Protein chains: 2
Amino acid sequence: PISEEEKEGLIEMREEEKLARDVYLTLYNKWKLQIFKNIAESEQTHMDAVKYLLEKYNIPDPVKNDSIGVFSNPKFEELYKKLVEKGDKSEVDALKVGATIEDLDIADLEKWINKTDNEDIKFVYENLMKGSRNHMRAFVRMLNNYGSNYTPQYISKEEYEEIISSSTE
Amino acid sequence: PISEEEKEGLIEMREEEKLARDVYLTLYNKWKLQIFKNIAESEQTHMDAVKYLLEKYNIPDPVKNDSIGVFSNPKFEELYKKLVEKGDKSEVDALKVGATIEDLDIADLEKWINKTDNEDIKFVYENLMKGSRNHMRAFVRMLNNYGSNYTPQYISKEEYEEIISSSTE
Ligand SMILES: [Mg+2]
Ligand SMILES: [Mg+2]
């Protein structure tokens, strides 16, 4: 059976995946780079994966309003506002914001994975983590096309270099 | 030819119609009352009408990002945040917010109509105004179904009572 603390992590990840979908839809609509629309769709899949686990355990869904930008945990509301404002400044800053959210996602997924032995909760967290590694590689390669790069913020420098120096999984 | 001041009014109305669409899509997604989805669609039509005039005169569109909640004029950003928070409290408060935005829209359309002799700009402002009267009647009748009513904020009491005491146009 699921612990109260394990429930808290699914409730955070539910909205954390929604932060990524909503910022990437918002930055698609500003810059019309296909990467944001494609990765947004992947984040909608990740949101649906967390929702399936919330419904499995009948945990109340923190997403009471699917609209872009709406969050129950104000951590994610603050991140949405900060990151859409930064991403609005240029294509390069929007792509950096892409990488930033995946970086956060990987760091937070490692924290929650280390708090659980439930193999079903772990399959999903590991899958989401692999997705965020792939997405990070895609945002960083597109940053390189614009003559830029990315400095990790939440994961370690060692882990970031392991991700970017390896191929899409 | 269009004046600088007439251009300013189309630029404000472009986003004012977007405020109504975006708040009503946000409140649809919270409460799932069909009125919000139906009227949102009408507001998308009103946004497109203003856009046609902006493109006729090659005026830069203040909507650089169609995403819900994004605005160039921070008047509309502040109104969006205030009104989605109020509308989140109950169905009655969401329906009051419906009426509030139409009320504002009618008051602002009267201000801009009185600033112009361009008959093309006026056909559109009058049509939009008629739409907002109709929408107001619909939100107030739905408020009545919930045992509530609406107090006008921007238009006069006399004008509000003329609108609600008459039939859909
Ligand atoms: Mg994700
Ligand atoms: Mg309208």
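Just follow the structure's listing: the first ligand is 1, and inside any ligand the first atom is 1. Naming convention: chains lettered A, B, ... in sequence-line order (proteins, then strands); numbering from 1 in each chain.
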Under 6.0 Å between ring centres, would you say that holds for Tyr160(B) and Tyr154(B)? no

N, O or S of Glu43(B) under 2.8 Å from the Mg ion (ligand 2): yes

Consider only side-chain heavy atoms of I, L, V, M, F, W and Y, link residues closer than 4.5 Å, and tell whether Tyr80(B) and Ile68(A) are in one cluster. no

Per residue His46(A), nearest N, O or S atom to the Mg ion (ligand 1) is named ND1

Could you tell me whether any N, O or S atom belonging to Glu17(A) is less than 2.8 Å from the Mg ion (ligand 1)? yes

Just to verify, which of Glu78(B), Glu85(B), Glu77(B) counts as forming a salt bridge (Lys or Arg N to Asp or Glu O under 4.0 Å) with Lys81(B)? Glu77(B)

Crowded around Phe123(A) CZ? As in, over 12 foreign heavy atoms under 6.0 Å? no

Has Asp105(A) got an N, O or S atom lying less than 2.8 Å from the Mg ion (ligand 1)? no

